[PDB]
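Here the structure is laid out as structure tokens; the discussion comes afterwards.
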Amino acid sequence: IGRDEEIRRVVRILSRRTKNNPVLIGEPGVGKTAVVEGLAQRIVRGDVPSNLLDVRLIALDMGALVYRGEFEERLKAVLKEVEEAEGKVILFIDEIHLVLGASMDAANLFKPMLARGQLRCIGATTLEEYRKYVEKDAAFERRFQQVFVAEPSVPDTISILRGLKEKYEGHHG
Amino acid sequence: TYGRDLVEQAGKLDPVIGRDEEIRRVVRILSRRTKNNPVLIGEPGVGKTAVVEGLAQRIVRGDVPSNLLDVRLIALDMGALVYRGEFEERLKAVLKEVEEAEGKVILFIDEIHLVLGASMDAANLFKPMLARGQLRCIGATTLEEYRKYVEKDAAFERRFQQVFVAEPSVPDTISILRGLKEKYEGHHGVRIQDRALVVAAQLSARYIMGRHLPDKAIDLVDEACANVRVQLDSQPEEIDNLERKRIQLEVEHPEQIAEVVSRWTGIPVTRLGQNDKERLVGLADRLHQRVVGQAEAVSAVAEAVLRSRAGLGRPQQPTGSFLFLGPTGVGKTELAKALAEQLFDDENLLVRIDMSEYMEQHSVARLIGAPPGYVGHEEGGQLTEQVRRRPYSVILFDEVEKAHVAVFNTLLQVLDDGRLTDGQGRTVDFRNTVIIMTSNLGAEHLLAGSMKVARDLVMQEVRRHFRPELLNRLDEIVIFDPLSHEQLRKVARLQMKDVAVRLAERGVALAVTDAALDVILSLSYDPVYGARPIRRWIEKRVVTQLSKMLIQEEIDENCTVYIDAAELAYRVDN
Amino acid sequence: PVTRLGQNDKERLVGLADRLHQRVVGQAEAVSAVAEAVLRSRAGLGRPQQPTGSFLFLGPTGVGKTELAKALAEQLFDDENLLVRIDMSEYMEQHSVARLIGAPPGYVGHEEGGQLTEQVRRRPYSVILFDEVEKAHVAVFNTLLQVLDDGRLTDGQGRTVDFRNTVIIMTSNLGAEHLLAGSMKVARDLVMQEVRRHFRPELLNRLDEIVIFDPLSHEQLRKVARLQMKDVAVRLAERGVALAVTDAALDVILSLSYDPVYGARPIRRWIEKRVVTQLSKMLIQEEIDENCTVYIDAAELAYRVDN
Ligand SMILES: Nc1ncnc2c1ncn2[C@@H]1O[C@H](COP(=O)(O)OP(=O)(O)O)[C@@H](O)[C@H]1O
Ligand SMILES: Nc1ncnc2c1ncn2[C@@H]1O[C@H](COP(=O)(O)OP(=O)(O)O)[C@@H](O)[C@H]1O
Ligand SMILES: Nc1ncnc2c1ncn2[C@@H]1O[C@H](COP(=O)(O)OP(=O)(O)O)[C@@H](O)[C@H]1O
Ligand SMILES: Nc1ncnc2c1ncn2[C@@H]1O[C@H](COP(=O)(O)OP(=O)(O)O)[C@@H](O)[C@H]1O
């Protein structure tokens, strides 16, 4: 609860025709996965505008998905087979910088279809990784737009504690 | 086959207009007997692919001279065409299988430098037949690639000629927007206006800094075009916000395009209302609380902010610069803190810059963006990343005079006409930040005192110390007037209100009389030091006395203390 | 543009002086010198071993030394900021020659791009402007003698760059006190003898012409006041409000806030900080409608609102 702004921003940017791949930026410990799960709950409930009522959210797990050639052809088959939806599926990736900007060489392989705009991707990382990895190349800057998340409101935290009190009360009794 | 054909795609690529010059240049250079391989050069974001598609449309329609009426345009896709040796032999097969035309085909390559000048070794392989002149090739890349890739060898310079593309024409961009309006109107199906279009075109080139030449206004208009559909055609969001706040309560128990640019980087240039009316009216009165008896500086800063917000003012200035001169401990930074708190809800967003450790001129490399020459690791300067992504901040200096001449003589260019270039060559805009400086010179001459002769002495000293040039640029220089007994009493009351509220947080009320203020100011006043001793004395006496009396459990709830002259007498009552 | 001239070039070259005589007021000598230099270069005559004119500007501060250069740059071509600004405020030590000119590729050869190498390349018709020339090191300044002699220049890589069409223009602040003290002939002689004694008696022969700016008088003050009024007038009229003034208003404006030493900046500062803030404050309270003209007259100042 209490994250009404980032969901609205993501809804606004996703419906845009071109350059519609938002990337969450911010320091750790503020709730990036929390707002992602909030968006998932919103689409499950159906409060989102009906323009995205025929989309299923799928996440990628590095540990679950893991010779380098075997890993490469497995991933290539994965992004070849996800194409059966053709624009009605959203792919979520955590720790984009480690698996893309890096070590293993995959940036050149991931560039073509991403530039073509095969699907819509969502990322999440800290701003230091943005300053250190993505600013040294002119290719990835074509897409992706910054979205800033911060929680400096002391009065808001009380609402979060009130919301989360019930689970702990039930567990401890 | 494995490439890409563009003849049939021209039926449904977007129309391109307003590029009548580069097509003519390419047509003229393609009919030359020898050295007829044009290469497009220019910064990204201007439309190199756009003019290529325009040429393709021209040849499809047939307006091209008949000398090139028997030619098809084939493009090459790196990803489509991709062991290294297998790749080499496949490309070799492509280049010998394309020879069946023998001069009646043009090969287009994008990002020629990455795949040719480079890693994989193909330059020596591509040199011989290219020098022979088997066909005609077209490239496209930026100018830095030309600077650092092709100038290091004497082979590729035999062919290829530079073609320069740029879009600095503001009036032309309006034509581009009018041309591209139809596709977005058809896709969204919502009524639009023209004044909004021209306003967006005018605004896109001044406030939002970055990207490149103003062909980026399409994204700005598309943002609002997408927002309006969800706002109106789809479910409204105001009711959703209202019901969300109701749920939270239950749990605990042409104007449109102005909004997007406002929320993009700040700078609330949105249309003003009655709330802004009385806020701007009462800005001076609200700012006249933390500081006392400083009418000149308060009026200056208030009128500067109001003038900047109204809509007038030269667009080649940082919207005000000031120099503060006066005694120590009079409230120089208190006015800056109060102004920062009043302008926006933040308390410490202002950036504090001091040069107490900038005595040696070798500190320029860390004050400003250092060159990437040696290691390029500490490129983050002192005034580089703070102003970026936040151009509405307030920058505050401190003891400016104590700096070296060289370090201080690099902030003249920004005070002249704004903008600044760092080692990396990026231009950062100081077009909305209020620059404020301060210094302690001329304190002795002022505290010695007539007032007029002291002011003249201070002014002549500051004129003689600094060069007679920089003192012209500063918008206004003001001197703080030492305060009197009434200001002393008011500041004493203001200081005591803080401990009053801090104690009242625990549930104890405070009340005092005029005689208490009189004795407090009489016992511990020094004209030289200003106002610090008052706070030090009142704290070190009253707080310790109250805490010592409270520890012994002499205070209950709903108890009010009273202070009066005898020194001081403490009375405890309900 | 060495192409053949027509009647449009005819009257353009005829009226170049008159058109340039707008931004700069009461400086006939420098304006005439620049106009004749440009006309002579365009006509077709002139020695082919010169940069087509070099000038030195000497005078008080805040008189309009760079305003003439800006107006000339705007008039010559439609660009407004194509001129290259070169300053040596950070060139006190002679070790900055390697960055002023094309550095040798000896050590790493990475910063080979000099200060005066890539700008003039692919653009040999530009205008190069110096600033506070006297505040440089002697060794640093003693490297441009060769170009002023016969053109051309060699950098670290050995490439020859040609300064065969660029109008080199410099300026300096020396001799200000002697001029502002004042007869005028003795002040001019003092300034000339000081500048001769400071510099070597060799370089002063190469410069085509040295001129001194004459301090302006009351009529020039009134004209520049009107010129400064016009800017805010058009800026406000962009919103749809007309402006009008009287002679007495200009008289009081120039009388209240004039200082002979500083030149013309205080006039602009005062007029802005008073008139603009007064008009903005009165406009905020919604006292202005469309098709409304403001009038200013002496009493100080009185503001009258009318259709
Ligand atoms: N609005 C919220 N309500 C409840 N819990 C939250 C909220 N926002 C954040 N959190 C908590 O913060 C944590 C977010 O951690 P996360 O940012 O994913 O760590 P990292 O940045 O290392 O991945 C979650 O475990 C979640 O419990
Ligand atoms: N004359 C024009 N009319 C309409 N759109 C244009 C025009 N010129 C450029 N554009 C837009 O600018 C973009 C050019 O991008 P491009 O230069 O290909 O990027 P990059 O340089 O990174 O390859 C195109 O997407 C096109 O929509
Ligand atoms: N209206 C006021 N007039 C004078 N002094 C004030 C006023 N309000 C606060 N002060 C005091 O002035 C102090 C500010 O000190 P300051 O002048 O910033 O020191 P320095 O000049 O060494 O930085 C604050 O500690 C505050 O207690
Ligand atoms: N015709 C004129 N005569 C005198 N001053 C003028 C004229 N036109 C403009 N000015 C003023 O002269 C100023 C130029 O200052 P300048 O002499 O360049 O300072 P500096 O010599 O320190 O570079 C401009 O700000 C402008 O307001």
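Labels used: A, B, ... for chains in the order of the structure tokens, numbers from 1 for residues in each chain, and numbers from 1 for ligands as shown.
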
Set the cut-off to 10 Å, count only C-alpha atoms and all ligand atoms, and list whatever residues fall near ligand 4 as number ranges by chain. B: 416, 468-470, 472-473; C: 21-27, 58-71, 131-132, 171-173, 215-216, 220-221, 223-225, 227-228, 262-269

Would you export the selected residues with C-alpha atoms as a PDB file, in the first residue's frame, please?
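Result went into selection33.pdb, see below:
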```pdb
ATOM      1  CA  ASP B 416      28.422  36.350 -18.158  1.00  0.00           C
ATOM      2  CA  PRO B 468      37.291  46.438 -11.592  1.00  0.00           C
ATOM      3  CA  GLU B 469      35.742  44.043 -14.140  1.00  0.00           C
ATOM      4  CA  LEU B 470      33.933  41.307 -12.197  1.00  0.00           C
ATOM      5  CA  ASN B 472      30.068  44.942 -12.939  1.00  0.00           C
ATOM      6  CA  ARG B 473      28.523  41.506 -13.535  1.00  0.00           C
TER       7      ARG B 473
ATOM      8  CA  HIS C  21      25.986  51.650 -37.649  1.00  0.00           C
ATOM      9  CA  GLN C  22      22.949  50.608 -35.544  1.00  0.00           C
ATOM     10  CA  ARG C  23      24.164  48.387 -32.694  1.00  0.00           C
ATOM     11  CA  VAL C  24      27.277  50.552 -32.255  1.00  0.00           C
ATOM     12  CA  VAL C  25      26.676  54.266 -31.649  1.00  0.00           C
ATOM     13  CA  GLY C  26      29.233  57.048 -32.021  1.00  0.00           C
ATOM     14  CA  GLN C  27      32.256  54.922 -33.002  1.00  0.00           C
ATOM     15  CA  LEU C  58      42.086  50.004 -26.687  1.00  0.00           C
ATOM     16  CA  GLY C  59      39.739  51.931 -24.426  1.00  0.00           C
ATOM     17  CA  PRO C  60      37.855  52.096 -21.127  1.00  0.00           C
ATOM     18  CA  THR C  61      35.764  49.257 -19.698  1.00  0.00           C
ATOM     19  CA  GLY C  62      32.128  48.768 -20.648  1.00  0.00           C
ATOM     20  CA  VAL C  63      32.253  50.839 -23.837  1.00  0.00           C
ATOM     21  CA  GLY C  64      31.285  48.268 -26.482  1.00  0.00           C
ATOM     22  CA  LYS C  65      34.499  46.593 -27.605  1.00  0.00           C
ATOM     23  CA  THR C  66      32.909  43.176 -28.179  1.00  0.00           C
ATOM     24  CA  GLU C  67      29.533  44.600 -29.221  1.00  0.00           C
ATOM     25  CA  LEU C  68      31.071  45.691 -32.523  1.00  0.00           C
ATOM     26  CA  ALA C  69      32.470  42.190 -33.050  1.00  0.00           C
ATOM     27  CA  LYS C  70      29.087  40.615 -32.281  1.00  0.00           C
ATOM     28  CA  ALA C  71      27.249  42.973 -34.641  1.00  0.00           C
ATOM     29  CA  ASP C 131      40.583  38.854 -25.183  1.00  0.00           C
ATOM     30  CA  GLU C 132      42.872  40.535 -22.603  1.00  0.00           C
ATOM     31  CA  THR C 171      41.515  43.815 -27.480  1.00  0.00           C
ATOM     32  CA  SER C 172      43.151  45.012 -24.277  1.00  0.00           C
ATOM     33  CA  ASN C 173      42.410  47.187 -21.247  1.00  0.00           C
ATOM     34  CA  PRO C 215      34.116  58.092 -24.592  1.00  0.00           C
ATOM     35  CA  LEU C 216      30.522  58.959 -25.434  1.00  0.00           C
ATOM     36  CA  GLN C 220      24.902  58.889 -27.285  1.00  0.00           C
ATOM     37  CA  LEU C 221      23.613  58.274 -23.755  1.00  0.00           C
ATOM     38  CA  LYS C 223      20.339  56.947 -27.969  1.00  0.00           C
ATOM     39  CA  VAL C 224      21.643  53.952 -26.020  1.00  0.00           C
ATOM     40  CA  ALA C 225      18.874  54.470 -23.452  1.00  0.00           C
ATOM     41  CA  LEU C 227      17.993  51.171 -27.638  1.00  0.00           C
ATOM     42  CA  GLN C 228      17.835  49.488 -24.226  1.00  0.00           C
ATOM     43  CA  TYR C 262      31.433  52.407 -15.730  1.00  0.00           C
ATOM     44  CA  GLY C 263      29.915  53.281 -19.108  1.00  0.00           C
ATOM     45  CA  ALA C 264      26.462  51.864 -19.833  1.00  0.00           C
ATOM     46  CA  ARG C 265      25.820  48.792 -17.637  1.00  0.00           C
ATOM     47  CA  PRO C 266      24.255  50.685 -14.674  1.00  0.00           C
ATOM     48  CA  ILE C 267      21.585  52.130 -16.978  1.00  0.00           C
ATOM     49  CA  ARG C 268      20.420  48.643 -17.947  1.00  0.00           C
ATOM     50  CA  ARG C 269      20.646  47.362 -14.377  1.00  0.00           C
TER      51      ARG C 269
END
```

Give me, as a Markdown table, each residue of chain B that comes within 9 Å of ligand 2, together with its shortest interatomic pair and the distance in Å at one decimal, counting only C-alpha atoms and all ligand atoms, with rows ordered by chain and rising residue number.
```
| residue | atom | partner | partner_atom_place_in_ligand_line | distance |
| --- | --- | --- | --- | --- |
| B:14 | CA | ligand 2 | 4 (C) | 7.4 |
| B:15 | CA | ligand 2 | 3 (N) | 6.9 |
| B:16 | CA | ligand 2 | 3 (N) | 4.4 |
| B:17 | CA | ligand 2 | 1 (N) | 5.0 |
| B:18 | CA | ligand 2 | 1 (N) | 5.7 |
| B:19 | CA | ligand 2 | 1 (N) | 6.3 |
| B:42 | CA | ligand 2 | 21 (O) | 8.5 |
| B:43 | CA | ligand 2 | 21 (O) | 7.1 |
| B:44 | CA | ligand 2 | 21 (O) | 3.7 |
| B:45 | CA | ligand 2 | 17 (O) | 4.1 |
| B:46 | CA | ligand 2 | 17 (O) | 5.0 |
| B:47 | CA | ligand 2 | 9 (C) | 3.5 |
| B:48 | CA | ligand 2 | 17 (O) | 5.1 |
| B:49 | CA | ligand 2 | 18 (O) | 4.8 |
| B:50 | CA | ligand 2 | 8 (N) | 5.1 |
| B:51 | CA | ligand 2 | 8 (N) | 7.2 |
| B:54 | CA | ligand 2 | 1 (N) | 8.7 |
| B:110 | CA | ligand 2 | 23 (O) | 8.3 |
| B:111 | CA | ligand 2 | 23 (O) | 8.5 |
| B:140 | CA | ligand 2 | 23 (O) | 8.6 |
| B:141 | CA | ligand 2 | 21 (O) | 7.8 |
| B:142 | CA | ligand 2 | 21 (O) | 8.0 |
| B:167 | CA | ligand 2 | 8 (N) | 8.8 |
| B:173 | CA | ligand 2 | 1 (N) | 8.5 |
| B:175 | CA | ligand 2 | 3 (N) | 8.9 |
| B:176 | CA | ligand 2 | 3 (N) | 5.4 |
| B:177 | CA | ligand 2 | 4 (C) | 7.8 |
| B:179 | CA | ligand 2 | 3 (N) | 7.5 |
| B:180 | CA | ligand 2 | 4 (C) | 6.4 |
| B:215 | CA | ligand 2 | 9 (C) | 6.5 |
| B:216 | CA | ligand 2 | 12 (O) | 7.5 |
| B:218 | CA | ligand 2 | 5 (N) | 8.3 |
```

Generate the output file for the selected residues, C-alpha atoms, as a CSV table (one decimal), in the first residue's frame.
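Dumped everything to part.csv:
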```csv
chain,number,residue,atom,x,y,z
B,14,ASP,CA,6.0,7.4,-42.6
B,15,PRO,CA,6.3,10.4,-45.0
B,16,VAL,CA,9.4,12.5,-44.8
B,17,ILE,CA,9.4,16.2,-45.8
B,18,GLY,CA,11.7,19.2,-45.6
B,19,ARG,CA,14.9,17.6,-46.8
B,42,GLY,CA,26.4,14.2,-38.4
B,43,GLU,CA,25.4,13.9,-34.8
B,44,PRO,CA,22.7,11.3,-34.0
B,45,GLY,CA,19.0,12.3,-33.8
B,46,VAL,CA,18.7,14.4,-37.0
B,47,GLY,CA,17.3,12.0,-39.6
B,48,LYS,CA,20.0,10.2,-41.6
B,49,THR,CA,17.8,7.2,-42.0
B,50,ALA,CA,14.9,9.6,-42.7
B,51,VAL,CA,16.7,11.1,-45.7
B,54,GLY,CA,13.2,9.9,-48.6
B,110,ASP,CA,24.3,1.1,-41.4
B,111,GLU,CA,26.9,1.6,-38.7
B,140,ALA,CA,26.2,6.7,-42.1
B,141,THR,CA,28.0,7.4,-38.8
B,142,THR,CA,28.8,10.2,-36.4
B,167,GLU,CA,18.6,20.8,-38.3
B,173,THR,CA,10.2,21.9,-37.0
B,175,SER,CA,6.3,21.9,-40.7
B,176,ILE,CA,7.6,18.5,-39.5
B,177,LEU,CA,5.1,18.4,-36.7
B,179,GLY,CA,3.3,16.6,-41.4
B,180,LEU,CA,3.5,14.0,-38.7
B,215,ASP,CA,13.4,17.1,-33.8
B,216,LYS,CA,12.6,15.5,-30.3
B,218,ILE,CA,7.5,14.5,-31.3
```

| Hey, what's within 9 Å of region 514-524 of chain B if we count only C-alpha atoms and toss same-chain stuff fewer than 2 positions away? As an MDAnalysis selection string, please? | chainID B and resid 485 488:489 492:493 512 526 533:534 537:538 563:565 567:568

Let me see if you get this right: every residue at most 9 Å from ligand 1, counting only C-alpha atoms and all ligand atoms, written as a PyMOL selection string. chain A and resi 1-3+26-35+38+94-95+124-126+151+157+159-161+163-164

Next item on the list: Throw together the list of residues within 6 Å of ligand 3, counting only C-alpha atoms and all ligand atoms, and drop it here as a list in words.
Entry: residues 290, 291, 292, 328, 329, 330, 331, 332, 333, 334, 491, 531 and 532 of chain B

Proximal residues of chain C relative to chain B (only C-alpha atoms; 8 Å) as a PyMOL selection string | chain C and resi 61+89-90+110-111+235-236+265+269+276-277+280-281+284-285

Practice prompt. Excluding region 1-14 of chain C and residues on its chain fewer than 4 positions from it, collect all residues at most 12 Å away from it, counting only C-alpha atoms, and give them as a VMD selection string.
Written response: chain C and resid 18 to 20 35 to 44 75 to 77 124 to 125 165

Give me the residues within 9 Å of region 23-32 of chain B as a PyMOL selection string, counting only C-alpha atoms and dropping any in the same chain fewer than 3 places off.
chain B and resi 19-20+35-38+51-52+54-55+58+64-65+67-68+136+161+163

Would you save the residues of that selection, restricted to N, CA and C atoms, as a PDB file, in the first residue's frame?
```pdb
ATOM      1  N   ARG B  19      13.537  17.970 -46.607  1.00  0.00           N
ATOM      2  CA  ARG B  19      14.930  17.560 -46.753  1.00  0.00           C
ATOM      3  C   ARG B  19      15.345  17.606 -48.218  1.00  0.00           C
ATOM      4  N   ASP B  20      15.041  18.720 -48.884  1.00  0.00           N
ATOM      5  CA  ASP B  20      15.259  18.832 -50.321  1.00  0.00           C
ATOM      6  C   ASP B  20      16.726  18.985 -50.708  1.00  0.00           C
ATOM      7  N   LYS B  35      35.105   8.037 -57.531  1.00  0.00           N
ATOM      8  CA  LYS B  35      34.904   8.480 -56.150  1.00  0.00           C
ATOM      9  C   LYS B  35      33.462   8.953 -55.943  1.00  0.00           C
ATOM     10  N   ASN B  36      32.549   7.995 -56.081  1.00  0.00           N
ATOM     11  CA  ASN B  36      31.113   8.241 -56.030  1.00  0.00           C
ATOM     12  C   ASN B  36      30.459   7.364 -54.971  1.00  0.00           C
ATOM     13  N   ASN B  37      31.007   7.390 -53.755  1.00  0.00           N
ATOM     14  CA  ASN B  37      30.502   6.605 -52.631  1.00  0.00           C
ATOM     15  C   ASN B  37      30.237   7.547 -51.463  1.00  0.00           C
ATOM     16  N   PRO B  38      29.107   8.250 -51.468  1.00  0.00           N
ATOM     17  CA  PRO B  38      28.843   9.229 -50.410  1.00  0.00           C
ATOM     18  C   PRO B  38      28.699   8.572 -49.050  1.00  0.00           C
ATOM     19  N   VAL B  51      16.381  10.669 -44.342  1.00  0.00           N
ATOM     20  CA  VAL B  51      16.703  11.130 -45.689  1.00  0.00           C
ATOM     21  C   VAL B  51      16.990   9.945 -46.607  1.00  0.00           C
ATOM     22  N   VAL B  52      17.548   8.855 -46.071  1.00  0.00           N
ATOM     23  CA  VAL B  52      17.727   7.654 -46.887  1.00  0.00           C
ATOM     24  C   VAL B  52      16.374   7.122 -47.354  1.00  0.00           C
ATOM     25  N   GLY B  54      13.665   8.895 -47.627  1.00  0.00           N
ATOM     26  CA  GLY B  54      13.153   9.857 -48.587  1.00  0.00           C
ATOM     27  C   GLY B  54      13.701   9.623 -49.981  1.00  0.00           C
ATOM     28  N   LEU B  55      14.998   9.328 -50.078  1.00  0.00           N
ATOM     29  CA  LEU B  55      15.583   8.988 -51.371  1.00  0.00           C
ATOM     30  C   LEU B  55      14.953   7.722 -51.941  1.00  0.00           C
ATOM     31  N   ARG B  58      11.705   8.601 -53.328  1.00  0.00           N
ATOM     32  CA  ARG B  58      11.873   9.343 -54.573  1.00  0.00           C
ATOM     33  C   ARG B  58      12.118   8.398 -55.743  1.00  0.00           C
ATOM     34  N   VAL B  64      13.353  10.800 -59.729  1.00  0.00           N
ATOM     35  CA  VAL B  64      14.799  10.779 -59.938  1.00  0.00           C
ATOM     36  C   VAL B  64      15.067  10.870 -61.437  1.00  0.00           C
ATOM     37  N   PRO B  65      16.173  11.478 -61.868  1.00  0.00           N
ATOM     38  CA  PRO B  65      16.514  11.455 -63.295  1.00  0.00           C
ATOM     39  C   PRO B  65      16.633  10.030 -63.816  1.00  0.00           C
ATOM     40  N   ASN B  67      18.616   8.388 -65.488  1.00  0.00           N
ATOM     41  CA  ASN B  67      19.882   7.665 -65.471  1.00  0.00           C
ATOM     42  C   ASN B  67      19.904   6.559 -64.422  1.00  0.00           C
ATOM     43  N   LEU B  68      19.062   6.651 -63.395  1.00  0.00           N
ATOM     44  CA  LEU B  68      18.978   5.650 -62.340  1.00  0.00           C
ATOM     45  C   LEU B  68      17.571   5.068 -62.251  1.00  0.00           C
ATOM     46  N   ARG B 136      28.463   0.687 -55.761  1.00  0.00           N
ATOM     47  CA  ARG B 136      28.375   1.967 -55.074  1.00  0.00           C
ATOM     48  C   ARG B 136      27.794   1.743 -53.684  1.00  0.00           C
ATOM     49  N   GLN B 161      33.090  10.811 -49.663  1.00  0.00           N
ATOM     50  CA  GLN B 161      33.066  12.256 -49.512  1.00  0.00           C
ATOM     51  C   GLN B 161      32.095  12.632 -48.404  1.00  0.00           C
ATOM     52  N   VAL B 163      29.281  14.462 -46.288  1.00  0.00           N
ATOM     53  CA  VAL B 163      28.019  15.167 -46.474  1.00  0.00           C
ATOM     54  C   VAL B 163      27.513  15.560 -45.094  1.00  0.00           C
TER      55      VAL B 163
END
```

Discussion item. I need the contact residues of chain B against chain A, so if you could list those with any atom within 8 Å, counting only C-alpha atoms, and return them as a ChimeraX atom specification, that would help.
Written reply: /B:79,222-223,226-227,230,234-235,251-252

*asked:* Could you tell me how far CA of residue 91 (chain B) sits from CA of residue 105 (chain A), in Å to one decimal place?
replied: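 Rounded to one decimal, the two atoms are 23.0 Å apart.
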
Shell around residue 335 (chain B) at 10 Å using only C-alpha atoms, local window under 6 positions removed, as a PDB file with N, CA and C atoms, in the first residue's frame:
```pdb
ATOM      1  N   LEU B 287       8.439  35.206   4.313  1.00  0.00           N
ATOM      2  CA  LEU B 287       9.890  35.220   4.443  1.00  0.00           C
ATOM      3  C   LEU B 287      10.375  36.235   5.466  1.00  0.00           C
ATOM      4  N   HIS B 288       9.516  37.162   5.890  1.00  0.00           N
ATOM      5  CA  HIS B 288       9.885  38.183   6.864  1.00  0.00           C
ATOM      6  C   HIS B 288       9.722  37.715   8.307  1.00  0.00           C
ATOM      7  N   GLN B 289       9.807  36.409   8.558  1.00  0.00           N
ATOM      8  CA  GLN B 289       9.657  35.855   9.899  1.00  0.00           C
ATOM      9  C   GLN B 289      10.963  35.345  10.489  1.00  0.00           C
ATOM     10  N   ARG B 290      11.691  34.492   9.766  1.00  0.00           N
ATOM     11  CA  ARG B 290      12.942  33.959  10.300  1.00  0.00           C
ATOM     12  C   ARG B 290      13.980  35.059  10.476  1.00  0.00           C
ATOM     13  N   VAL B 291      14.059  35.979   9.528  1.00  0.00           N
ATOM     14  CA  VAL B 291      14.959  37.119   9.621  1.00  0.00           C
ATOM     15  C   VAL B 291      14.179  38.309  10.158  1.00  0.00           C
ATOM     16  N   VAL B 292      14.879  39.198  10.858  1.00  0.00           N
ATOM     17  CA  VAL B 292      14.264  40.352  11.503  1.00  0.00           C
ATOM     18  C   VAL B 292      15.069  41.595  11.157  1.00  0.00           C
ATOM     19  N   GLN B 294      15.737  43.191   8.216  1.00  0.00           N
ATOM     20  CA  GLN B 294      16.613  43.077   7.054  1.00  0.00           C
ATOM     21  C   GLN B 294      15.827  43.356   5.781  1.00  0.00           C
ATOM     22  N   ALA B 297      17.524  43.210   1.881  1.00  0.00           N
ATOM     23  CA  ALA B 297      17.821  41.917   1.274  1.00  0.00           C
ATOM     24  C   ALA B 297      16.549  41.120   1.017  1.00  0.00           C
ATOM     25  N   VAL B 298      15.605  41.163   1.960  1.00  0.00           N
ATOM     26  CA  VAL B 298      14.351  40.435   1.799  1.00  0.00           C
ATOM     27  C   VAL B 298      13.595  40.948   0.582  1.00  0.00           C
ATOM     28  N   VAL B 301      15.435  39.799  -2.733  1.00  0.00           N
ATOM     29  CA  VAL B 301      15.257  38.401  -3.117  1.00  0.00           C
ATOM     30  C   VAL B 301      13.803  38.122  -3.490  1.00  0.00           C
ATOM     31  N   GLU B 341      13.701  26.939   2.416  1.00  0.00           N
ATOM     32  CA  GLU B 341      12.559  26.263   3.024  1.00  0.00           C
ATOM     33  C   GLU B 341      11.241  26.781   2.457  1.00  0.00           C
TER      34      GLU B 341
END
```

Name the residues in contact with residue 120 (chain A) at a cut-off of 9 Å, using only C-alpha atoms, excluding same-chain residues fewer than 3 positions from it; report them as number ranges by chain.
A: 14, 20-22, 87, 89-92, 114, 117

**OP:** Would you please work out which residue, of A:133, A:141, A:80, A:102, is nearest to residue 211 (chain B) when using only C-alpha atoms?
**Re:**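 Smallest separation from residue 211 (chain B) among the options: A:141.
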